[PDB]
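Before any questions on how it binds or moves, here is one chain, the form deposited in one PDB entry, in structure tokens.
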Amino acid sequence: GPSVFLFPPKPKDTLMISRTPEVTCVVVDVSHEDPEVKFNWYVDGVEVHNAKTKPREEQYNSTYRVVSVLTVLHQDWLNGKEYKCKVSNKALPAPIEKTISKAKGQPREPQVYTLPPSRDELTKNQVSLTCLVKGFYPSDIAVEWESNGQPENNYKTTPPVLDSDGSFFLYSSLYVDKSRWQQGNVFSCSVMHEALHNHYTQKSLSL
């Protein structure tokens, strides 16, 4: 029978009024026998009717994939409302229901700390600039780097890790040329999270 995956908005999308947060309900393994798929959507159990279902697309394994997209109000997602996708197909014993929402719990403001390169690293070509983001809840967060207003490419961020107290931490590492650092350029760690003032903070770093 067919399978359903329900996907949440991206963190940045819910934190910025300029962006468009969406919940996405994907049905795969729809057969040729029974290709009609119905979607019902509920917000905290109350049916809504504004979702955009794009038309089915047969995959290269001869099953159909159909997608339905519900736009969410920023504040609804953040006030913790619950999004239910109900999928009907005549090849199911019963309809499939998936639910999604923000992780439950009291939001906690991340602490952001920049850490310079270890002395040992300075006799390398590259140097790692570190951004420690700890104490946050839920785990949804965006981290970015920049210097003089231009975004930086060459950085990697760990997944959020669960701390003993139920909050999360992560580290972001920006790899720069030793020279750029040692001439004293300003590097900035950006953090976006619901529990920050204006959903944004920036922490700077130089020699």
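Heads up: residue numbers just count along the shown sequence, starting at 1.
When the two stretches 158-166 and 26-34 are set side by side, the higher mean Cα temperature factor goes to 26-34.
The PDB entry reports B-factors from which the mean C-alpha value can be compared for 173-181 and 141-149; the larger average falls on 173-181. In this entry, the residue among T123, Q111, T99, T130 with the greatest C-alpha B factor is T123. Taking only the listed residues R119, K86, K134, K81, the entry reports the highest CA temperature factor at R119. Ranked against the other modelled residues of its chain, the C-alpha B-factor of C189 as given in the entry falls in the middle third. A91 sits in the highest third of its chain by CA B factor, as recorded in the PDB entry. Placement of the Cα temperature factor of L6 within the chain: lowest third of the modelled residues, per the deposited record.
Below: the form solved in complex with a partner chain, not depicted.
In the bound PDB entry, its partner chain sits within 4.5 Å of a heavy atom of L15.
In the bound PDB entry, no heavy atom of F39 sits within 4.5 Å of its partner chain. The closest heavy atom approach of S190 to its partner chain in the bound PDB entry falls within 4.5 Å. Its partner chain is not shown here, and in the bound PDB entry it never comes within 4.5 Å of any heavy atom of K86.
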